[PDB]
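The lines below spell out each chain.
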2 protein chains.
Amino acid sequence: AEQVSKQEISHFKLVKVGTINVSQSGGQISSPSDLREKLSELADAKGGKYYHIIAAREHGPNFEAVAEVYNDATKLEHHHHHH
Amino acid sequence: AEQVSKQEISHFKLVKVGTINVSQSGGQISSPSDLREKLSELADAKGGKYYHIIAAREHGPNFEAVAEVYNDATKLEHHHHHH
């Protein structure tokens, strides 16, 4: 999973699966490597291949990275419902 | 070189290394994968590890991808002025 700007998003046409928020109390995130690693983990959890951090804010000791998860246009009905 | 968000640049404090423009008449750039290696190339040439697309503008057949190069303070004055 990689992140792109609105320029790429609206040009290559990406679909949003959901919005992720990485809230880490203190030095749980040290470098951008940590940040992107958790971003991709959560983005991939949504099923998306792309993401974009809309709000990377510093809530005191707690770091909150809010990003939107974008998927490639290859998704359709997940017929499950229930048994 | 990776593309980071403007908030990341401002949160980690990245030094502005310069500007890189990919102005192609098509063919050279079709996928973001093409553009990435170009941007990373030009950024690496200037000596940056990060970049951000600030304007991916499509003017007819001429696609202009304007990104700016950012890197941490790992530069030094050179005693290689000329001789």
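The rules we used
Residues numbered from 1 in each chain as written, not as in the entry; some residues may be left out. Chains lettered and ligands numbered in written order. Heavy atoms only, no water. Helix = DSSP H or I, 4+ residues; strand = E, 2+ residues; numbered from the N terminus. Buried < 20%, exposed > 50% of the residue type's maximum accessible area, 1.4 Å probe, protein only. Contact = heavy atoms within 4.5 Å. Buried area = accessible area lost by both parts, 1.4 Å probe. Salt bridge = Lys/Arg side-chain N within 4 Å of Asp/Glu carboxyl O. Polar contact = N/O pair within 3.5 Å; in protein donor to acceptor, adjacent residues only side chain to side chain. Nonpolar A, V, L, I, M, F, W, Y, C, P; charged D, E, K, R; others polar.

I'm lost on the side chain of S40 of chain B in this one. Help?
All names here are of chain B. Among the secondary structure elements, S40 is positioned in helix α2 (residues 32–46). Since its relative accessible area comes to 18%, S40 is described here as buried. In this view, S40 contacts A1 and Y51; residues no more than four positions away in its chain are not counted.

Help me out: how do you make sense of the interface of chain A and chain B in this one?
By a widespread convention, an interface's size corresponds to the accessible area lost as its parts come together. Listed by partner, the interface residues are 17 residues for chain A and 19 residues for chain B. Taking both sides of the interface into account, the surface hidden between chain A and chain B amounts to around 1,500 Å²; carbon and sulfur atoms contribute 49%. Connecting chain A to chain B are 2 salt bridges. Counting every contact that joins chain A to chain B gives 10 residue pairs in polar contact. Those elements giving two or more residues to the side of chain A that touches chain B turn out to be β1 (2–3), α1 (6–12), α2 (32–46) and β3 (50–59) of chain A. A per-element tally of the side of chain A that touches chain B places β3 of chain A first, with 5 residues. Classifying every residue of the side of chain A that touches chain B gives 9 nonpolar, 4 polar and 4 charged.

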